[PDB]
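Peer 1: Encoded as structure tokens, here's the structure I'll be asking about.
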Amino acid sequence: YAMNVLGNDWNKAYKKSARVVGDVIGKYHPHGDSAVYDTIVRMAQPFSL
DNA sequence: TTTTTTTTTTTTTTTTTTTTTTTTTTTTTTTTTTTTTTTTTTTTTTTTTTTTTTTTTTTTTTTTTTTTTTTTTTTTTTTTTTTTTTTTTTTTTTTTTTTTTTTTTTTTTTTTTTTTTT
């Protein structure tokens with residue numbers, strides 16, 4: 001939801017992971033960074049999903 | 001106004017314990033030295049027809065010493081018991097998976113101050 005609200009569309013240019021993690025932690029997820037980034041890393045990598 | 005009782009932290013330095021620097025013994029690790037395997041070719045060894053004079057088996061008969069034989073008494077064999085080892089259920093502990101809670105370190109760059117050595 002944070003990546004959709006930011007506008008991280010698949011055909012648009014990339015955005016840094018720090019901005020997305022900061023936006024998620026600031027707005028939606030109250031559980032602090034370094035665990036949202038692990039979920040993002042797992043969702044990105046092709047041998048896990 | 002002078003004088004009298006009591007209380008504790010310090011002059012403490014010494015005894016006990018703890019912490020921190022040390023170096024003998026069995027378990028790793030790199031080296032040299034000896035067991036394995038594949039090619040060349042090479043004189044050398046070795047596979048297969050022909051002839052040949054040989055020397056051991058099969059007609060026949062003989063005996064004697066190993067094959068018959070019965071029996072006493074041993075002694076290896078088997079029985080029970082118990083110990084030692086092997087092997088497998090049982091239990092315990094530890095590790096990895098993915099979202100969470102927490103933290104912790106090493107260096108550049110300059111300029112100024114402490115803090116030891118000569």
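A note on labels: chains of the structure tokens are A, B, ... as shown, every chain counts residues from 1, and ligands are counted from 1 in their shown order.
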At a cut-off of 10 Å, which residues of chain A touch chain B? Count only C-alpha atoms (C1' of nucleotides) and give the answer as a list in words.
Peer 2: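 The answer, sorted by residue number, is residues 31, 32, 35, 36, 38, 39 and 42 of chain A.
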Peer 1: Run DSSP on the backbone and give me the residues of chain A it puts in helix (DSSP H, G or I), as a VMD selection string.
Peer 2: chain A and resid 2 to 6 17 to 27 36 to 44
Peer 1: Keeping only C-alpha atoms, take the residues you just selected and write them out as a PDB file, in the first residue's frame.
Peer 2:
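Writing the result to selection_21.pdb gives the following:
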```
ATOM      1  CA  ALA A   2       2.846   2.415   0.766  1.00  0.00           C
ATOM      2  CA  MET A   3       4.551   1.614  -2.540  1.00  0.00           C
ATOM      3  CA  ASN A   4       1.254   2.159  -4.371  1.00  0.00           C
ATOM      4  CA  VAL A   5       0.574   5.475  -2.613  1.00  0.00           C
ATOM      5  CA  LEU A   6       4.116   6.685  -3.340  1.00  0.00           C
ATOM      6  CA  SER A  17      14.520   1.376  -0.395  1.00  0.00           C
ATOM      7  CA  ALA A  18      15.258   3.888   2.377  1.00  0.00           C
ATOM      8  CA  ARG A  19      12.437   6.167   1.212  1.00  0.00           C
ATOM      9  CA  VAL A  20       9.913   3.316   1.057  1.00  0.00           C
ATOM     10  CA  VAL A  21      10.930   1.926   4.458  1.00  0.00           C
ATOM     11  CA  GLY A  22      10.795   5.389   6.014  1.00  0.00           C
ATOM     12  CA  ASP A  23       7.374   6.062   4.505  1.00  0.00           C
ATOM     13  CA  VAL A  24       6.015   2.714   5.738  1.00  0.00           C
ATOM     14  CA  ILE A  25       7.356   3.187   9.268  1.00  0.00           C
ATOM     15  CA  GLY A  26       6.252   6.819   9.457  1.00  0.00           C
ATOM     16  CA  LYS A  27       2.706   6.337   8.168  1.00  0.00           C
ATOM     17  CA  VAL A  36      10.247  -3.980   7.052  1.00  0.00           C
ATOM     18  CA  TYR A  37      13.414  -3.999   4.950  1.00  0.00           C
ATOM     19  CA  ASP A  38      13.798  -7.743   5.538  1.00  0.00           C
ATOM     20  CA  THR A  39      10.268  -8.310   4.222  1.00  0.00           C
ATOM     21  CA  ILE A  40      11.002  -6.088   1.211  1.00  0.00           C
ATOM     22  CA  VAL A  41      14.202  -8.051   0.539  1.00  0.00           C
ATOM     23  CA  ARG A  42      12.356 -11.367   0.772  1.00  0.00           C
ATOM     24  CA  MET A  43       9.601 -10.163  -1.561  1.00  0.00           C
ATOM     25  CA  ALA A  44      12.136  -8.851  -4.089  1.00  0.00           C
TER      26      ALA A  44
END
```
Peer 1: Please measure the separation of CA of residue 7 in chain A and CA of residue 45 in chain A, giving the value in Å to one decimal.
Peer 2: 20.8 Å
